[PDB]
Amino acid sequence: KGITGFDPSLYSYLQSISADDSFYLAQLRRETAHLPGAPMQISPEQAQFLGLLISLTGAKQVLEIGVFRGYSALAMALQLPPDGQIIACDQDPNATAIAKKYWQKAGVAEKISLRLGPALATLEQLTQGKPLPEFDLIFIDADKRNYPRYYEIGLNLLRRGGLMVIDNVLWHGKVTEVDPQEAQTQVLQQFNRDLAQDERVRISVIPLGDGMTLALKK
């Protein structure tokens, strides 16, 4: 998917000087490139950056919303500590069944707990937990319509100092539309405007893939 709004020629170069995916990440991405939905997955550049954040941050407790075939979860899982844990939320049983196949295949399935079913229902159960779980990092990358909800609910399930990571903030450049007619564009426009003055977090909008925002909880 390259980089939204980035020069095609400069993106090719950026790729030239970027790191290849490890074996199983590359394999997962390579073997499923044919199946529909593959374009929804984060780019290889985002996966590398994502794994770099798990390491740099020291994260052990991760919460992913929007799993699909497990590519992003796998990227992070490969950098988790021996006691690292990922709670993966996804509504699709078929794509997620493929995710499970590759996680166990890479030996990180032990560090990933898939929660099949609507993400909101799962978040509600997490907040209803005794004691209240608190993740070091949360990756929001599912249905855009519910981003405001996932951010808010996840923000209280995030430790102070934790990092929220949201994908698709530049939404194919549609965010520049004056009167957006598409629902996801409208929801993302308001989401970005709201987050730009959310004084509970210190943010950084990064142009990798379809745009990703890093929100560090104060």
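Quick note: we count residues from 1 along the sequence shown, nothing fancier.
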Report task. Quick one: say whether 179 to 187 or 166 to 174 has the higher mean Cα B-factor in the deposited entry. Result -> 179 to 187
**Report entry** Of 128 to 136 and 78 to 86, the stretch whose C-alpha atoms average the higher B-factor in the entry
**Finding:** 128 to 136
Report summary line: Residue set 146, 94, 122, 72, per-entry CA B-factor max assigned to 94
Query - Chain-wide C-alpha B factor ranking for residue 25, given as lowest, middle or highest third - result: middle
Report task. Tell me, lowest, middle or highest third: where does the Cα B factor of residue 33 rank within its chain? Result -> middle
**Report entry** CA B-factor ranking of residue 19, expressed as a third of its chain
**Finding:** highest
Report summary line: residue 192: CA B-factor among chain residues, third -> lowest
Report task. Would you mind ranking residue 2 by its C-alpha B-factor against the rest of the chain and naming the third, lowest, middle or highest? Result -> highest
